[PDB]
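**Student:** For reference, each letter of the sequence shown is one residue, going 10 to 223 in the entry's author numbering. Virtual Cβ for every residue (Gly too), placed ideally from N, Cα, C.
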Amino acid sequence: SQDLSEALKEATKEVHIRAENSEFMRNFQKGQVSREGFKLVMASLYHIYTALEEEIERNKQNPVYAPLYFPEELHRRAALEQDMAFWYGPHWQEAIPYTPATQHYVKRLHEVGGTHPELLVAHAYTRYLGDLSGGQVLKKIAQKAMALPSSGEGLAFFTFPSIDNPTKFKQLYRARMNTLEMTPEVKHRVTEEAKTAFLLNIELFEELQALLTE
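1) Between the C-alpha atoms of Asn-187 and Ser-171, what's the straight-line distance to the nearest angstrom?
2) According to DSSP, is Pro-99 part of a helix, a strand, or is it coil?
3) Can you tell me whether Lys-179 is helix, strand or coil according to DSSP?
4) Take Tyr-114 and list the residues in its own chain whose beta-carbon comes closer than 7 Å to its own, dropping the five residues that flank it on each side.
5) So what's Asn-174 in DSSP terms, helix, strand or just coil?
6) Apart from the five residues just before and just after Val-195, which ones in its own chain have a Cβ nearer than 7 Å to its Cβ?
7) Would you call the CB atoms of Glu-202 and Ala-131 closer than 8 Å?
8) Rounding to the nearest angstrom, what Cα-Cα distance links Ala-16 and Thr-222 in this structure?
9) Can you list the alpha helix (DSSP H) stretches of 4 or more residues lying completely in the segment 125 to 175, in chain order?
10) Following the continuous alpha helix (DSSP H) through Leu-208, name the residue where it begins and the one where it ends.
11) Look up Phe-79 in the DSSP assignment and say whether it is helix, strand or coil.
12) Say whether the segment 60 to 68 touches the segment 78 to 97, bearing in mind that this needs 3 or more beta-carbon pairs closer than 8 Å, one atom from each stretch.
13) Looking at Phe-47: is its Cβ nearer than 8 Å to the Cβ of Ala-151?
14) Using the rule of at least 16 other Cβ atoms within 10 Å of the residue's Cβ for burial, across every protein chain shown, is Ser-53 buried or exposed?
15) What residue from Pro-99, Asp-12, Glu-45 has the CA that sits closest to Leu-217's CA?
16) Does the distance from the C-beta atom of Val-73 to that of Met-155 stay below 8 Å?
17) Is the beta carbon of residue 3 less than 8 Å from the beta carbon of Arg-185?
18) On the premise that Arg-183 lies in contact with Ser-14, defined as a C-beta separation below 8 Å, what is that separation, rounded to the nearest angstrom?
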């Protein structure tokens with residue numbers, strides 16, 4: 010559609026349906042989240058958000074991304090560091106795994122922020138708007154499925170202290186996204202990269218499930 014927010018939504022209709030019907034998320038949905046499986050995804054997500062936000066900060070002052078710059082609200086490297094401490098222990102940095110699918114994801118994020126920063130909007134959109142929508146239910150499920158503390162340790166990733174009204178913030182993010190001055194050619198490339206970003210997540214979920222069965 011005209012609006013970029015409306016355009017990305019219609020382009021990522023199919024891949025999103027695949028994402029939430031992929032083996033691992035499919036169980037996760039219905040209270041079926043193994044702790045070893047949960048340890049695996051969060052460790053993989055650590056590497057992604059570390060890389061992603063590293064490239065966001067690099068291009069924080071660039072008109073192709075600047076309107077979507079929310080370090081207090083959305084940046085999640087902090088939260089994931091706290092979770093890896095909880096799940097993996099004191100010496101978590103060395104204990105944590107770095108799967109091929111995660112490397113493939115990280116590699117693309119660095120490629121994008123480095124040489125194609127105009128497409129960085131695609132990757133933030135795929136991750137952050139997912140954490141504020143799809144992720145908010147999965148925090149409820151995970152906490153009960155694994156019997157975590159009432160404080161919220163281990164699920165710091167899903168906790169957004171600088172967001173009081175994520176339903177309102179999601180609208181604000183979309184509005185800021187539509188502000189981005191770009192040609193229809195680049196716009197198409199963004200929505201195309203959005204599908205690539207989803208694919209990287211689907212292939213991640215499908216890999217970790219395979220690793221969990223072994």
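**Tutor:** On the basis of the coordinates in this document:
1) Numbered from 1 along the sequence shown, position 178 holds the residue referred to as residue 187. Numbered from 1 along the sequence shown, position 162 holds the residue referred to as residue 171. Rounded to the nearest angstrom, the two C-alpha atoms are 22 Å apart.
2) For the purposes of this step, residue 99 is taken as the residue at position 90 of the sequence shown. The answer is coil: DSSP assigns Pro-99 none of H, G, I, E or B.
3) Position 170 of the sequence shown, counting from 1, holds the residue named residue 179. In the three-state scheme derived from DSSP, where H, G and I count as helix and E and B as strand, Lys-179 is classed as helix.
4) On the sequence shown, position 105 is the one that residue 114 refers to. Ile-57, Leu-209, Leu-213, listed in sequence order.
5) By 1-based counting over the sequence shown, the position of residue 174 is 165. Coil, per DSSP.
6) As a first step, residue 195 must be located in the sequence shown, where it is residue number 186. The residues are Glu-127.
7) Within the sequence shown, residue 202 is the residue found at index 193, counting from 1. Within the sequence shown, residue 131 is the residue found at index 122, counting from 1. Against a cut-off of 8 Å, the Cβ pair of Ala-131 and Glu-202 comes out as a contact.
8) Residue numbering aside, residue 16 sits at position 7 when the sequence shown is read from its first letter. Residue numbering aside, residue 222 sits at position 213 when the sequence shown is read from its first letter. In this structure, the straight-line span from the alpha carbon of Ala-16 to that of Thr-222 is close to 37 Å.
9) Taking only runs of at least 4 residues, the alpha helix (DSSP H) segments lying wholly in the segment 125 to 175 are 129 to 140, 144 to 154.
10) Here residue 208 corresponds to residue number 199 of the sequence shown, with the count starting at 1. Counting along the chain, the alpha helix (DSSP H) containing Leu-208 begins and ends at 193 to 222.
11) Position 70 of the sequence shown, counting from 1, holds the residue named residue 79. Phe-79: coil per DSSP, three-state reduction.
12) The segment 60 to 68, when compared against the segment 78 to 97, does touch it at the 8 Å Cβ threshold.
13) Within the sequence shown, numbered from 1, the residue matching residue 47 stands at position 38. Within the sequence shown, numbered from 1, the residue matching residue 151 stands at position 142. Contact flag set, yes.
14) As a position in the sequence shown, residue 53 is number 44, starting the count at 1. By the neighbour-count rule (16 or more Cβ atoms within 10 Å), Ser-53 is buried.
15) Here residue 217 is taken as the residue at index 208 of the sequence shown, counted from 1. The candidate whose alpha carbon is nearest that of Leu-217 is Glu-45.
16) Here residue 73 refers to the residue found at position 64 when the sequence shown is read from its first residue. Here residue 155 refers to the residue found at position 146 when the sequence shown is read from its first residue. It is not a contact, given that the beta carbons lie outside the stated cut-off.
17) The requested residue 3 does not occur in the structure, where the chain is confined to residues 10 to 223.
18) Within the sequence shown, residue 14 is the residue found at index 5, counting from 1. Within the sequence shown, residue 183 is the residue found at index 174, counting from 1. Right, their Cβ atoms sit about 4 Å apart.
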